[PDB]
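Input: a single structure, listed below in structure tokens.
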Amino acid sequence: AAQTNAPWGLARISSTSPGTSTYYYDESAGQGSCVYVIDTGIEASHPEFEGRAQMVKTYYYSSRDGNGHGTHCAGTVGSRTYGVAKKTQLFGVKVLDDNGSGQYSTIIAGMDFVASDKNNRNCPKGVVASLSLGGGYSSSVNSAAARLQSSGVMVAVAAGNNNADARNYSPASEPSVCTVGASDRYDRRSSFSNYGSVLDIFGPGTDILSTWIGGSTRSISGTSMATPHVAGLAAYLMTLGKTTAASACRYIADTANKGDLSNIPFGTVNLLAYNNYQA
Ligand SMILES: [Ca+2]
Ligand SMILES: [Ca+2]
Ligand SMILES: [Cl-]
Ligand SMILES: [K+]
Ligand SMILES: [K+]
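Residue 226 in the entry's author numbering sits at position 226 of the sequence shown; the count goes up by one each step and never skips.
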């Protein structure tokens, strides 16, 4: 299938070269997969979600996304126009308040919640979690991410936006999850993107158009925007039978566009998420 005039990031994920605007993907489109977006929540009523999104959990007085960030990440995972996996099921877990903040113990509880909650969902093709959040290093936070991955969930986490070595951030520094750096449309490392040997992959992160709250849309930038491309990619590949939750991060690294990004620091992977789709 072919989506013309797609967001640049979607076109980039299905391309061997920058500078194209059509997104190519197998029509299976992540059908029968699930992706949890652990974030400020998801405006499930947005027309772009088409009934495929819902809130399953909050830690605050509401499950409403009053920020917009979780909606944007979710729209990149699986919205009809702005998503990688256009037919996936989306589950919202509100660990971050409407300011985009959340205590580490709440974030941990959300990740353990998904590890159990997947047992209450229909996801024959596999389960992904997209974690577009971080703070300083915490072994508790890393361990929680490690359990979620261990339980059978493809975990994708933002490297962070400090233009620094992601070893000092969590859950970015957890070796067993998929740590995602950000690139721009000219294949430069995003200026804010974290880096380091703990990075597994890069996705589109700068000027990423997607859903927003109040049923609208906007472009914003961050390793938070790159993470859902990789999460949406994993869901899509799992529907295709190409990989599993334990192996998806490796499979994505293995099948990446290689050596193509500029300003990648020595010692950091030069790998750009790519679906390898032949139309
Ligand atoms: Ca990692
Ligand atoms: Ca890893
Ligand atoms: Cl409110
Ligand atoms: K630096
Ligand atoms: K190359």
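We put the beta carbon where it would ideally sit given N, CA and C, even for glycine.
Cβ-based neighbour list, residue i, same chain, cut-off 8 Å, excluding 5 preceding and 5 following
i: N276; result: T255
i: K86; result: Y25, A29, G30, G78, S79, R80
Beta-carbon proximity of residue i to residue j, cut-off 9 Å
i: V77; j: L131; result: no
i: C73; j: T227; result: yes
i: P171; j: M238; result: no
i: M154; j: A11; result: no
i: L133; j: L90; result: no
i: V141; j: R167; result: no
i: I201; j: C249; result: yes
i: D65; j: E50; result: no
i: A109; j: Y61; result: no
Which listed residue (the options) has its alpha carbon closest to that of residue i
i: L271; options: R218, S210, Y236, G196; result: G196
i: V37; options: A44, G92, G152; result: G92
i: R52; options: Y60, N67, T71; result: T71
i: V157; options: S216, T223, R189; result: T223
i: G68; options: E48, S45, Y60, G41; result: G41
6 Å CB neighbourhood of residue i in its chain, flanking five on each side removed
i: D165; result: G196
i: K57; result: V93, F113
Nonlocal neighbours in the same chain, by C-beta distance under 7 Å from residue i, ignoring five residues either side
i: residue 280; result: Past the edges of the chain, shown from 1 to 279, lies residue 280, and the structure says nothing about it.
i: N263; result: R188, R189
Pairwise C-alpha distance: residue j and residue i
i: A115; j: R147; result: 8 Å
i: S63; j: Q3; result: 32 Å
i: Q54; j: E48; result: 13 Å
i: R189; j: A234; result: 21 Å
i: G32; j: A129; result: 15 Å
i: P175; j: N99; result: 28 Å
i: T16; j: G259; result: 12 Å
i: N257; j: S191; result: 20 Å
i: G160; j: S150; result: 22 Å
Determine, using beta-carbon pairs with one atom in the segment 248 to 268 and one in the segment 96 to 113, whether at least three such pairs fall under 8 Å. no
Touch check for the segment 205 to 224 and the segment 180 to 189: three-plus C-beta pairs under 8 Å? yes
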